[PDB]
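Here the structure is laid out as structure tokens; the discussion comes afterwards.
Each chain gets a letter, A, B and so on, in the order the sequences are listed, and its residues count up from 1. Quick note: numbers below take in every heavy atom, side chains included, and nothing from hydrogens, waters or symmetry partners.
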Amino acid sequence: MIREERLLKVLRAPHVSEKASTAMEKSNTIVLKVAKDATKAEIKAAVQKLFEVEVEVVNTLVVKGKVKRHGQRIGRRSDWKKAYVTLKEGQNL
Amino acid sequence: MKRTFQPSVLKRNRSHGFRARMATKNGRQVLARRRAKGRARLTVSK
Amino acid sequence: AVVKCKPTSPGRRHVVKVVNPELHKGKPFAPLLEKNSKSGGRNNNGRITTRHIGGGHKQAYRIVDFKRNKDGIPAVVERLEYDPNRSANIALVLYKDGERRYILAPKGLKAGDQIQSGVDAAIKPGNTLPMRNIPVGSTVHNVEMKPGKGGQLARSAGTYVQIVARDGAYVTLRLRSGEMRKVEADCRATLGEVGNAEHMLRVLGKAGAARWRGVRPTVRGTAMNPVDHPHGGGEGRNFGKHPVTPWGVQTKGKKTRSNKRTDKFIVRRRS
RNA sequence: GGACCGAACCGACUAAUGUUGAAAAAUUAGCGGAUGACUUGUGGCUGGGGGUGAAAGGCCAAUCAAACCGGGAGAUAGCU
RNA sequence: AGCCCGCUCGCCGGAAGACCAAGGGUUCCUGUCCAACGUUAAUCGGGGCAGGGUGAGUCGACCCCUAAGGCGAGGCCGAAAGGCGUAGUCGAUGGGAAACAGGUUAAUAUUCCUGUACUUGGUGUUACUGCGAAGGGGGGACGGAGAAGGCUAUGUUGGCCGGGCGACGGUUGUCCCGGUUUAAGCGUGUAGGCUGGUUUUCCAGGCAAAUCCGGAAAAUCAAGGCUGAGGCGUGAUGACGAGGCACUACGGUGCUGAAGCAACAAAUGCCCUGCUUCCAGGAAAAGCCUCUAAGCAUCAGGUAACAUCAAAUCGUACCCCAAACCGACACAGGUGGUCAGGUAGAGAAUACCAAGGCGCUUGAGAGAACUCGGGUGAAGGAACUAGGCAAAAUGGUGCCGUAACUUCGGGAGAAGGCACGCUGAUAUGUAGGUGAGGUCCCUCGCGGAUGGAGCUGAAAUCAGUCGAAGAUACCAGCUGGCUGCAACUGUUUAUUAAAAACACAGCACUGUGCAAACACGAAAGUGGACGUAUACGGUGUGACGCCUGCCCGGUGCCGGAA
Ligand SMILES: [K+]
Ligand SMILES: [K+]
Ligand SMILES: [K+]
Ligand SMILES: [K+]
Ligand SMILES: [K+]
Ligand SMILES: [K+]
Ligand SMILES: [K+]
Ligand SMILES: [K+]
Ligand SMILES: [K+]
Ligand SMILES: [K+]
Ligand SMILES: [K+]
Ligand SMILES: [K+]
Ligand SMILES: [K+]
Ligand SMILES: [K+]
Ligand SMILES: [K+]
Ligand SMILES: [K+]
Ligand SMILES: [K+]
Ligand SMILES: [K+]
Ligand SMILES: [K+]
Ligand SMILES: [K+]
Ligand SMILES: [K+]
Ligand SMILES: [K+]
Ligand SMILES: [K+]
Ligand SMILES: [Mg+2]
Ligand SMILES: [Mg+2]
Ligand SMILES: [Mg+2]
Ligand SMILES: [Mg+2]
Ligand SMILES: [Mg+2]
Ligand SMILES: [Mg+2]
Ligand SMILES: [Mg+2]
Ligand SMILES: [Mg+2]
Ligand SMILES: [Mg+2]
Ligand SMILES: [Mg+2]
Ligand SMILES: [Mg+2]
Ligand SMILES: [Mg+2]
Ligand SMILES: [Mg+2]
Ligand SMILES: [Mg+2]
Ligand SMILES: [Mg+2]
Ligand SMILES: [Mg+2]
Ligand SMILES: [Mg+2]
Ligand SMILES: [Mg+2]
Ligand SMILES: [Mg+2]
Ligand SMILES: [Mg+2]
Ligand SMILES: [Mg+2]
Ligand SMILES: [Mg+2]
Ligand SMILES: [Mg+2]
Ligand SMILES: [Mg+2]
Ligand SMILES: [Mg+2]
Ligand SMILES: [Mg+2]
Ligand SMILES: [Mg+2]
Ligand SMILES: [Mg+2]
Ligand SMILES: [Mg+2]
Ligand SMILES: [Mg+2]
Ligand SMILES: [Mg+2]
Ligand SMILES: [Mg+2]
Ligand SMILES: [Mg+2]
Ligand SMILES: [Mg+2]
Ligand SMILES: [Mg+2]
Ligand SMILES: [Mg+2]
Ligand SMILES: [Mg+2]
Ligand SMILES: [Mg+2]
Ligand SMILES: [Mg+2]
Ligand SMILES: [Mg+2]
Ligand SMILES: [Mg+2]
Ligand SMILES: [Mg+2]
Ligand SMILES: [Mg+2]
Ligand SMILES: [Mg+2]
Ligand SMILES: [Mg+2]
Ligand SMILES: [Mg+2]
Ligand SMILES: [Mg+2]
Ligand SMILES: [Mg+2]
Ligand SMILES: [Mg+2]
Ligand SMILES: [Mg+2]
Ligand SMILES: [Mg+2]
Ligand SMILES: [Mg+2]
Ligand SMILES: [Mg+2]
Ligand SMILES: [Mg+2]
Ligand SMILES: [Mg+2]
Ligand SMILES: [Mg+2]
Ligand SMILES: [Mg+2]
């Protein structure tokens, strides 16, 4: 069993975009920003515990951060992990 | 025409990378010199 | 059989092949093979230490029994095989107990022949005995220099040694070089001459054929610059110095043997 | 078959062009090899009086009758 | 002028197309801006700014396994630093489980969705049950060339289905246009390739053991096993599908949906890691199969079926004959692998096209000299010039014909000559290739024999016919004679020298008896070589033919020693 302490840290934010929206209303899939070191197993456990929904499967990818200038002052944004969480049919969030 | 620089990341790391430098006392002296000078980049290691 | 190629191309005009129909056409006996990767004549410093070595065909090493120490047990020659590692052919022999080994193929040996090693062996080609038990005057090959060490002398195609004398613990051998040499009488030898005597009649015929055998070109010293070789230099063809090796030692008559340890065993030098 | 003709591929014999170039070695038209001592990818080994060289003092990062970088070092300069 | 849309034109098409690895790193997509950047303008951009975008049990990495090689506990060696190396441990460019078709995004997809699969492992049952390795054996597991036969990708034509009936003479037909596609998996075990099978007994082998492998001897039976492209069936009452219909936010969404066959041609792909043949004789280790040891004994473990769970992590956008990589540039350069349609063609040459992609990021005029790249040229024809430099010329296939000389192979495509388009006939399409239905047989199947419809189809001869010209374009040898040098194919001064130089097979001299000489190395060691004088090193000469004379005073080397 994954500690609840751990599960409470792994989900960071919902991800809002046209693709995320289409994923929700076509494939019953929610898109999350999750902790960089979160595994598919942890992500599944967290969503089922914290959002109280049945998860079919988690797909994940690492987004590489862009380089961005800030008044002639350059800096690289952090890489972050995105999770496409497919909910079982009948579940809603 | 074929120029002298033909990049291979594997070859780069094996020739000049951090672990190659640490492998010998002369390599470790390179790192000491570069730290002393205050280089932002000690080696080719990415 | 020695066969001259017809001159259908300049590279073929002078080729002379040794075609032996008796040699196994199939693949070698897998349990007795090992890999043997090439050196390019470079040592463990990665430096060339013997020039003119490189390339040529890949070759597997055949484990050849030079010790011939499996005594009392007869063996039958299964087949003769080509061995790329040496000038002699080799014979796959099957011992009565089921063991297979390779041996140097003596002259005359053919598939079906019986061989044996040990003191009680018969005096027939391919049989191995201590030279104590071999008649003086006999022709032998694959001769040991130290008891139990395995054959070191007379292994190349068509070579043999003559046992000229036995005096106490030692026998005197006449080697192919002409040298008269003493060896302990407990040293084993195999009766007969090494086979494939026609080996020396081969004519490679072209530059490429030497390259297949992993020999790279020799550049003459006199073709070089002084910085490269003692013979180097000159406007046109010049020489005008005593011939030497690349390292400056005289190379036409100067003797280089220097081994006081083994001098006692040499009854007479080759010349 | 280090055979022949000929593309790919590898070379580089001639000419013109170009020479503050399109290019710090090329382009165009022709040219040689093209199953071999062939060619090529990836990785590896050889280190500077050292390597490697089918030998031209060739090549060793556009650098070679002794690489490059740092040091002895403000070498020395009866010369400008 | 340069952006977008449209119509036309031109260019590439063994690429100037499509895609991988590498290398790069957001360049990708959308909106917005045009200062700078872009060799011009720019409303455009690989430019600025903002937002979005990369979804995996099966693809790759990681992982298991090793090659060259690296490192290397102890160890050996070395003033120190260090060198070398054993056990080991790393190291791919190689070996090792498994997924396909269709659909979808502005931008990902073998990753998402739909349909249909497959692999490995952990649990739990149930039944049956000798399991067990750091050890043994097998396998994995291997070259070059050649030739076929069987196939498929693919193409062509016919049939079938849908559409058309023509801006100008003709075109309801032997007419025109388009489509005619469908996977892995599963079942079947074919063309063909290889191999005798089975049961006993015995045994100096495989570091011990072995029921395994090896060896020996009988008996018995002769077809048993293994491998295998493709086809066929199923997958698929599906998917896709030319069009049509309804909407357009004039970008394109929604709905429906015909035929979906056959013949012939056919790879450089597959069967094939095959077969034949040759000498230069062609990795390793694990996974995998099998054997036992110590050990464990109605246990663990093994095998099979079923159920269940798991298969993480990282990569995944985009560029790659390049404006994104290597070349300081948005640079005529360089960059490994895969795919490869039509007509003509021997062809991956070449011409024109397809799919697809582009018109090369200054234009507009003008129509001087001169320069560059080309076209043609009266008469002459090398008179040019250092030199026929450059140009012009030759150029194909078939048949005829072909000298000196020669190492008997050559020289030779020597030289030189003739034919060559189209139409018709032989023959409404021939010789040949392919092969259906039927027929009969059968050890009734992907079978055998015959049969020969249909399809495909050279080459020749004869007769005719058009042009100045029929290898019509592109493409595509100039030829011959005497002679120096080097035998030859090769190699070389990256970037002014390709040669007569280097190498070379062959020859000779010489050293070298193996802990070899010799070489790298204060050394240990290593190469020489897991070679052994028919071998190895050094030196000179340089195929082959005929040959290689005299001098040992000098210098060297070898030997002698009173
Ligand atoms: K041999
Ligand atoms: K030579
Ligand atoms: K000289
Ligand atoms: K040198
Ligand atoms: K010279
Ligand atoms: K000279
Ligand atoms: K390489
Ligand atoms: K130097
Ligand atoms: K450099
Ligand atoms: K346009
Ligand atoms: K403008
Ligand atoms: K991993
Ligand atoms: K498959
Ligand atoms: K992708
Ligand atoms: K581009
Ligand atoms: K003008
Ligand atoms: K020609
Ligand atoms: K000549
Ligand atoms: K000559
Ligand atoms: K040349
Ligand atoms: K040369
Ligand atoms: K003399
Ligand atoms: K003398
Ligand atoms: Mg999924
Ligand atoms: Mg992923
Ligand atoms: Mg950061
Ligand atoms: Mg040599
Ligand atoms: Mg020689
Ligand atoms: Mg020279
Ligand atoms: Mg000298
Ligand atoms: Mg002279
Ligand atoms: Mg002189
Ligand atoms: Mg000297
Ligand atoms: Mg050739
Ligand atoms: Mg060159
Ligand atoms: Mg050219
Ligand atoms: Mg050619
Ligand atoms: Mg010179
Ligand atoms: Mg250079
Ligand atoms: Mg110097
Ligand atoms: Mg000083
Ligand atoms: Mg000064
Ligand atoms: Mg324009
Ligand atoms: Mg084509
Ligand atoms: Mg990459
Ligand atoms: Mg940017
Ligand atoms: Mg863009
Ligand atoms: Mg501008
Ligand atoms: Mg941009
Ligand atoms: Mg895989
Ligand atoms: Mg070591
Ligand atoms: Mg140690
Ligand atoms: Mg490993
Ligand atoms: Mg690999
Ligand atoms: Mg894309
Ligand atoms: Mg082969
Ligand atoms: Mg077909
Ligand atoms: Mg081919
Ligand atoms: Mg992609
Ligand atoms: Mg441009
Ligand atoms: Mg370019
Ligand atoms: Mg290339
Ligand atoms: Mg072309
Ligand atoms: Mg097109
Ligand atoms: Mg003009
Ligand atoms: Mg002209
Ligand atoms: Mg004229
Ligand atoms: Mg005229
Ligand atoms: Mg004339
Ligand atoms: Mg004249
Ligand atoms: Mg004149
Ligand atoms: Mg000319
Ligand atoms: Mg011309
Ligand atoms: Mg056919
Ligand atoms: Mg003359
Ligand atoms: Mg020559
Ligand atoms: Mg040549
Ligand atoms: Mg040059
Ligand atoms: Mg040149
Ligand atoms: Mg010479």
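- In this structure, of E:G513, E:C488, E:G527, it is E:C488 that holds the atom nearest to the side chain of C:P10.
- Counting any heavy atom pair closer than 4.0 Å across all strands shown, C:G26 reaches a base atom.
- For C:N43, the side-chain atoms get nearest to E:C520 when compared with the rest of E:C520, E:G215, E:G138.
- The same atom, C1', is picked in E:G365 and in E:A379; the two are 43 Å apart, to the nearest Å.
- Proximity of a side-chain donor or acceptor of C:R268 to a complementary backbone N or O of C:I266 within less than 3.5 Å is not detected.
- Rounded to whole Å, atom P of D:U35 lies 15 Å from atom CH2 of C:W212.
- Remark: ring of C:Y82 not stacked against base of E:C279; the cut-offs of centroid gap under 5.5 Å and plane tilt under 30° are not jointly satisfied.
- Nearest-nucleotide assignment on RNA chain E puts the 5′-proximal partner with C:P28, out of C:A207 and C:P28.
- Listed nucleotides: E:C544, E:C502, E:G282. Nearest to the side chain of C:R220: E:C502.
- Residue A:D37 comes nearest to A:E42 through the heavy atom pair O-OE1, 3.8 Å, listed as atom of the first residue, atom of the second, then distance.
- When each of A:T39 and C:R51 is assigned the nucleotide of RNA chain E with its nearest heavy atom, A:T39 is the one assigned upstream, toward the 5' end.
- In this structure, B:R33 reaches neither bases nor backbone, as no heavy-atom distance under 4.0 Å exists between it and the strands shown.
- Here E:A535 presents its P atom at 16 Å from NE2 of C:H141, a figure rounded to the nearest Å.
- Of the candidate nucleotides E:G52, E:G214, E:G513, E:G513 has the atom lying nearest to any side-chain atom of C:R270.
- Cation-pi geometry between C:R100 and C:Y95 is not met: the NZ or CZ atom fails to fall both under 6.0 Å from the ring centre and inside 45° of the normal.
- Sugar pucker annotation for E:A354: north, assigned from a positive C1'-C2'-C3'-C4' dihedral.
- Side-chain N or O atoms of C:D113 include one that pairs as donor or acceptor with a backbone N or O of C:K110 at under 3.5 Å.
- Judged by the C1'-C2'-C3'-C4' torsion, the sugar of E:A280 sits on the south side, since the angle is negative.
- The side chain of C:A157 sits closest to E:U534 out of E:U534, E:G55, E:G528.
- Counting to the nearest Å, the P atom of D:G48 and the CG atom of C:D228 are 17 Å from each other.
- The furanose ring of E:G367 falls on the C2'-endo (south) side of the pseudorotation cycle, as its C1'-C2'-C3'-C4' torsion is below zero.
- When the side-chain nitrogen and oxygen atoms of C:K146 are compared with OP1 and OP2 of E:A515, none of them lie within a distance under 4.0 Å.
- OP1 or OP2 of E:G51 lies within a sub-4.0 Å distance of a side-chain N or O belonging to A:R77.
- When rounded to the nearest whole Å, the span between CD1 of C:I73 and P of E:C203 equals 16 Å.
- Taking the side chain of C:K255 as heavy atoms from C-beta on, and the options E:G513, E:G559, E:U526, the nearest nucleotide is E:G559.
- Of the candidates E:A280, E:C514, E:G48, the closest approach to any side-chain atom of C:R257 belongs to E:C514.
- The side chain of C:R181 contributes an N or O atom lying less than 4.0 Å from OP1 or OP2 of E:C514.
- Proximity of C:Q59 to the phosphate of E:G281: a side-chain N or O atom is located under 4.0 Å from OP1 or OP2.
- Contact between the side-chain N/O atoms of C:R155 and the OP1/OP2 oxygens of E:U532 is found at a separation under 4.0 Å.
- In terms of the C1'-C2'-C3'-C4' torsion, E:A263 has a north-puckered sugar. The angle is above zero.
- Going from atom NZ of A:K40 over to atom P of E:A312 covers 6 Å, rounded to whole Å.
- Groove engagement by C:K252: a side-chain heavy atom is found under 5.0 Å from a minor-groove base atom, with no such approach on the major-groove side.
- Of the listed nucleotides (E:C514, E:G527, D:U46), D:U46 has the atom at the smallest distance from the side chain of C:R47.
- Nearest nucleotide to the side chain of C:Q152, out of E:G52, E:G531, E:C514: E:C514.
- B:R3 has no side-chain polar atom (N or O) that falls below the 4.0 Å cut-off from OP1 or OP2 of D:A61.
- Contact between the side-chain N/O atoms of C:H14 and the OP1/OP2 oxygens of E:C544 is not found at any separation under 4.0 Å.
- Between C:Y95 and E:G205, no base-stacking contact is recorded for ring centres under 5.5 Å apart and planes less than 30° from parallel.
- When all heavy atoms are compared, the tightest approach of A:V34 to A:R12 is C-CG, 3.7 Å.
- Listed nucleotides E:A283, E:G531, D:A26 differ in distance to C:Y61; the shortest reach to its side chain belongs to E:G531.
- The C1'-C2'-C3'-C4' torsion of E:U32 is positive. Its sugar is therefore classed as north.
- Cation-pi check for C:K182 over C:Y170 is met; the charged atom lies under 6.0 angstrom from the ring centroid and within 45 degrees of its normal.
- The base of E:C131 engages E:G295 as a Watson-Crick or G-U wobble partner, both distances under 3.5 Å.
- At E:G513, none of the side-chain N or O atoms of C:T262 fall inside 4.0 Å of OP1 or OP2 (strictly under the cut-off).
- Remark: C:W247 is in phosphate contact with E:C520, judged by side-chain N or O atoms under 4.0 Å from OP1 or OP2.
- Side-chain contact between A:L61 and A:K81 is absent, with no heavy-atom pair separated by less than 4.5 Å.
- Taking side-chain N and O atoms only, C:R261 has no distance below 4.0 Å to OP1 or OP2 of E:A515.
- When all heavy atoms of B:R12 and B:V44 are compared, the closest pair comes out as NH2-CG1, 3.4 Å.
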